[PDB]
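Next up is one chain by itself, shown in structure tokens, the form deposited in one PDB entry.
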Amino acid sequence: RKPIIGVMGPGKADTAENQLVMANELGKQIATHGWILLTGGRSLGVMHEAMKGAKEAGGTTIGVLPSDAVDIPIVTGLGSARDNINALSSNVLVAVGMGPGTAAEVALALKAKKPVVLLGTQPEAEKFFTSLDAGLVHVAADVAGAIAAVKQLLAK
């Protein structure tokens, strides 16, 4: 089975331009490394950019929702009070940027003892998540760092 890498981040209103670029490049790299991308299938900031990037590099995408870039739409029927991407399906969860919904998904991943890679979250986030579980939180400085952390974690 191919690894499944989850991607979470803010929506369109709350994603900065550099975060969009990071998300698009992360998605490309997920695809090139032979991994399946799991993210939100409706949301049009980080999650859509990640999807696009993965598809542009020929990878397989799972979009979770309550775009042509979505290969496998998974429709949860849980509505949207939570940005649920069925993230427990992922081997590793990557957050690009930060916001309330992203925070909740990162915290729940840590609850389930799953590793999280934080990319472009500012210092409070990094420090706060590290305080919850230092052993499971990986802070990435850039996309290449995030991919490298993912690679290591899959090797473990």
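Just count from 1 along the sequence shown to find any residue number. Each form is matched to the other, and the largest set of C-alpha atoms that superpose within 1.5 Å is called the rigid core.
Just so you know, the form deposited in another entry exists too; it's not on screen, but the next bit is about it.
J.: Once the core is aligned, please say if the CA of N86 is shifted by at least 2 angstroms between the shown form and the other one.
T.: Yes, shifts by 2 Å or more.
J.: Against the shown form, C-alpha atoms of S89 and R82 in that other deposited form: closer or farther, for a change of 3 Å or more?
T.: Those two alpha carbons end up closer in that other deposited form.
J.: Kindly indicate if, in that other deposited form, the C-alpha atoms of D83 and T76 are closer or farther apart than in the structure shown, bearing in mind the change is 3 Å or more.
T.: Relative to the shown form, the pair is closer.
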